[PDB]
Amino acid sequence: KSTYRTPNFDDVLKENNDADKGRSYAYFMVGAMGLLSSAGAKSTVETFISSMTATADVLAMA
Amino acid sequence: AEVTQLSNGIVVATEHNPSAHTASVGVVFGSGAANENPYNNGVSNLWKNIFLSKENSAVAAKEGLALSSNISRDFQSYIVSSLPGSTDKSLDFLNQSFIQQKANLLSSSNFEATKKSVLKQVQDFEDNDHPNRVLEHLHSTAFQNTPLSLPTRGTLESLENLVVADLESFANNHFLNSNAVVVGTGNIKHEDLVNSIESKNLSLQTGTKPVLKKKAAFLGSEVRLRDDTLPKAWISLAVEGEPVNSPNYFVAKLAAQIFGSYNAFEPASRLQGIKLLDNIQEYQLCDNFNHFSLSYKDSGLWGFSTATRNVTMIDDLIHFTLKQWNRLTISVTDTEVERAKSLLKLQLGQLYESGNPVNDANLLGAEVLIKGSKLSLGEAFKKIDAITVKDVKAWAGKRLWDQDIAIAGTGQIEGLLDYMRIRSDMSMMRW
Amino acid sequence: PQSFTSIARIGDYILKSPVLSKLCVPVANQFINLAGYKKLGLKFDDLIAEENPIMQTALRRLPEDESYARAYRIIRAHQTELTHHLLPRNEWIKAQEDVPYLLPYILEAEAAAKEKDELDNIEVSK
Ligand SMILES: CCCCCCCCCCCCCC(=O)O[C@H](COC(=O)CCCCCCCCCCC)COP(=O)(O)O
Ligand SMILES: CCCCCCCCCCCO[C@@H]1O[C@H](CO)[C@@H](O[C@H]2O[C@H](CO)[C@@H](O)[C@H](O)[C@H]2O)[C@H](O)[C@H]1O
C-alpha cells in the first residue's frame with residue numbers, strides 16, 4: 001500500500017461547518033478550568049493564611 | 001521589451017532576449033498532477049517520458065533540436081530548443097507530436113519500455129531521494145484527499161496499472177487549445193512565431209474545455225516514515241501558505257527569506273544575518289535547512305525542510321525554529337525586513353533573469369495560464385520595497401500564530417516529538 | 001568583567017605619556033613584584049580567568065608549543081602552592097619572560113565579538 005494514500009479520518013474530522021468550532025470549544029474549556037482553578041487556589045491560600053490570624057478565644061476586649 | 005501576448009484562437013506568448021544564442025518554443029498546459037486522481041496518478045509523468053522517448057528525441061536531434069518537459073502540480077510543459085534560425089523547425093516538430101502523431105509514440109513497445117523506465121525512476125526516488133520524498137509527503141498529508149496531495153511523479157501502485165488508454169483519456173481531456181499557451185523565449189521575435197503558427201490551420205478539439213473538480217484544502221496533520229537504518233532525520237514542516245495571485249504573495253516570500261537557507265558545511269552560510277543561526281550552531285542542531293513559500297492556484301505551503309545527524313536534539317532544532325517564527329508576529333525588526341527585501345530581490349532576479357530559455361519558457365507559460373500575463377521584476381521589486389514590519393506582523397498573526405501545521409519526516413525521527421508539542425510552539429505565553 | 005581592549009586603551013595612554021609613564025610604571029613594577037605570581041613560576045597571562053568564550057577562543061588558537069608550556073607552568077604552580085613553598089629563585093619567571101603571550105589572541109577575539117554584536121544590532125536609516 002502506497003504511503004501517499006492516507007487512511008480514512010472522516011469519522012473524526014469535522015465537516016466544513018466552521019473551522020473554529022474545535023478551537024473555540026477547547027479554549028473555553030481551558031479558560032474556564034484556568035478560571036476556577038485560580039479561584040480555588042486563591043480560596044485555599046486564604047484558608048491557610050487566615051488560620052494564622054487571631055483565634056476566637058484571644059480577641060478579649062477588657 | 002515588455003513581453004507580448006497575442007490571441008487568434010491559440011494564445012501565443014513570447015519573451016525576446018537579444019543576448020540569447022538559442023531559442024525555445026513549446027506548449028504549456030494548465031493541467032498538472034493536481035488534475036489527476038489517485039488512480040491515474042502519474043499519467044502526466046508518463047506523457048513527459050514518451051515525449052522524451054528515444055524515437056522522438058532522435059527525430060528532434062537529427063534536426064538539431066533538444067527536448068525538455070516538466071510535470072508540475074498546476075501545469076505541464078513540452079519545449080523544443082534550437083538555434084535562433086531553426087525556430088521554424090521546432091514548430092514543425094511540436095506540430096507533428098501534438099497533431100500528426102499519436103499511434104506512433106503510443107505503440108506497444110514504446111509505451112511499455114517507457115512505463116518500465118518511469119517505474120524504476122519513481123522507485124529510486126521513493127527509495128533514495130529523502131529530502132524531496134519528504135517534501136512530497138508534506139503536500140500529501142497537508143492536502144490529503146484533495147487535488148494538491150498527489151505526487152507529481154505519480155505512485156508505483158497507479159503507475160503499474162496504467163495503460164495506453166489512460167494516457168489518451170488524459171490527453172483528450174487536458175491537451176486542449178483552451179487549456180494551453182504556446183511559448184517563445186530566447187532569441188526569437190513574436191511576429192516570426194505568430195505567423196509561423198498562423199501559417200498552418202486545423203483546430204484539433206476546438207471549444208472543448210477541461211474537466212472541473214473540488215478545491216484544495218489544508219489539514220493540520222502529519223505522516224511519519226520512520227527508518228532507523230538511515231543516517232539522518234529529514235523533516236519538512238509547514239502551515240497553510242499563499243496561493244499564486246494572493247495579496248500576500250510577496251509578504252510570504254519575504255517572511256521565508258528572513259529565516260532563509262543554511263548549509264553548516266559552507267563557511268559563508270554560517271555567517272548569515274539570521275538570528276536562528278545563533279541558537280542552532282552551538283550544538284550543531286542540523287546539517288542544513290531551507291525555508292520556503294510554495295504557491296499554487298488554490299493554496300500554498302509556508303515552512304521549512306531540514307536534515308540532521310543530531311538525532312538526540314531534534315526537539316531543540318524544531319523548538320528554536322518555531323520560536324523564531326513566533327517573532328514574525330511580535331518582534332521582527334526593521335533590519336531583518338530590510339535584509340529580506342534585498343535577498344528576495346536577488347532570488348527573484350536569479351529565478352527570472354536566468355540565462356536559460358527553457359526556464360523562461362516554463363515560467364512564462366505557467367503565469368500567462370493563471371493570470372493571463374506575466375508580472376515584471378520592476379513591478380515585483382516595487383511591491384517588495386513597499387512591505388513594512390507591520391505587514392509582516394499582520395501576515396504572521398494570520399498564517400503563523402497559533403495555527404495548524406503539517407509535518408512529514410523520514411529516517412531517525414524518534415526524537416521528533418508528538419504533534420501537539422510541535423503545534424504548541426506556534427505561539428508563546430502572554431500576560 | 002573589564003575587557004582587555006579597555007585595559008589596553010587605558011594602559012597604552014599611560015605608556016605613551018612621558019609624564020604618566022614615569023609616574024605610574026614604577027608603581028606597577030612594584031605591584032607586580034609584590035603580587036608574587038612569578039615566584040610560583042607563572043606569567044601574568046597564565047592568571048587570566050578562562051571560563052568565558054573570549055578566553056576559550058584565545059586558548060584554542062594558542063600555538064601548541066606555547067600551550068604545552070602554559071600547561072606545565074599551571075601544574076607546577078599548583079604543586080608548589082600545595083606544598084606551601086615558592087619555587088627556587090632560579091626558577092622564578094624573569095621580568096623579561098613575563099610577556100603577554102596570550103593578549104594578542106584575546107584582543108583579536110574581543111574585536112571579532114564586538115563587531116558581531118554591532119552587526120547583530122545594526123539599524124537601517126532609510
Ligand atoms: C495544598 C493542599 C490543599 C489542597 C487540598 C485539596 C482537597 C479539596 C478541598 C480543599 C478545601 C480547602 C479550601 C476551601 O475550603 O475552599 C473552598 C473553595 O474550594 C475550592 O474552590 C476548591 C477547588 C480546589 C482548587 C485547588 C487549587 C489547588 C491548591 C493550590 C494551592 C497553591 C471554599 O472557599 P472560600 O473560603 O469560600 O473562599
Ligand atoms: C497552583 C494553582 C494555581 C492555578 C492557576 C491557573 C493558571 C492559569 C493560566 C491561565 C492562562 O495562561 C494563558 O494560557 C494560554 C493558553 O491556554 C496562553 O495562550 C497562548 O497559547 C494559546 C494557545 O496556543 C494561544 O492562542 C495564545 O495566543 C497564546 O498567547 C496565554 O498566553 C497564557 O497567558
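In what follows, chains are A, B, ... by sequence order, proteins preceding strands, each numbered from 1. Below, each value reflects all heavy atoms present in this structure, side chains not excepted, and no hydrogens, waters or symmetry copies.
- Between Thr53(A) and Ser50(A), the side chains place no donor N or O within less than 3.5 Å of an acceptor N or O (distance only, hydrogens not considered).
- Using a 4.5 Å cut-off between heavy atoms, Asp402(B) contacts chain A through both its backbone and its side chain.
- Contacts between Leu150(B) and chain A at a heavy-atom distance below 4.5 Å are absent for every atom of the residue.
- A donor and an acceptor atom, one from each side chain of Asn45(B) and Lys48(B), are nowhere located under 3.5 Å apart.
- No part of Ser221(B) comes within reach of chain A, as not one of its non-hydrogen atoms sits under 4.5 angstrom from that chain.
- Ion pairing of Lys120(B) with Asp124(B) is present here, as a side-chain N (NZ or NE/NH1/NH2) and a carboxylate O approach within less than 4.0 Å.
- Checked by atom type, the side-chain pair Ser236(B)/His137(B) shows no donor-acceptor distance below 3.5 Å.
- Only the side chain of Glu126(B) comes within less than 4.5 Å of a heavy atom in chain A; its backbone stays farther off.
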